[PDB]
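What follows is a single chain, given as structure tokens, in the form deposited in one PDB entry.
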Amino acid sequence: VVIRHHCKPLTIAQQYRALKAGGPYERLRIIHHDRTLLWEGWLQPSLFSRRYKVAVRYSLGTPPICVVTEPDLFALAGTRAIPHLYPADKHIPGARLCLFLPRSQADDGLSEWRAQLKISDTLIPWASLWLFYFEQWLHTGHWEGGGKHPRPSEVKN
């Protein structure tokens, strides 16, 4: 999107007030001396699918981290390798999820996640969109949907 550059990256408080307008939340803390936002809740993809718990951590200058905490995802993965995963976190357990093409792979300079957009509009429908392709990875053995480029050498990190 051709947008103006007058809008700046916005602080903790504006997405602190924005997360309470949508959905049921268990707790929403602020830790590490007014640095790190934390959200967890119950997210369901469809009417007949499972029950999921996601976890959102944000710091300025860093991309946000989505990680599914319950269930463990490796027992229902069936001990085969799950693609579209980042290297995992050392502080909270679970499988980390990918949601965006970052800044270094884009050509216009604007990433798929931007700092102008708030948190609850985009990344939790993208987490539900990751989970809606996660259980249709099963019953066919393929990842039908969005896919990455077949890069010969690049690690995307």
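One-based numbering along the sequence shown. Here, rigid core means the biggest group of C-alpha atoms that superpose within 1.5 Å across both forms.
Keep in mind that the form deposited in another entry is missing from the display, and what follows is about it.
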| item | value |
| --- | --- |
| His149 C-alpha relocation of at least 2 Å between the shown form and the other one, rigid core basis | yes |
| Flag for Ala88, CA shift 2 Å or larger between the shown form and the other one after aligning core | yes |
| Shift in CA distance, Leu110 and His84, in the other form relative to the form shown here, given it is 3 Å or more | farther |
| Note on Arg114-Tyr86 C-alpha separation in the other form, which departs from the shown form by 3 angstroms or more | farther |
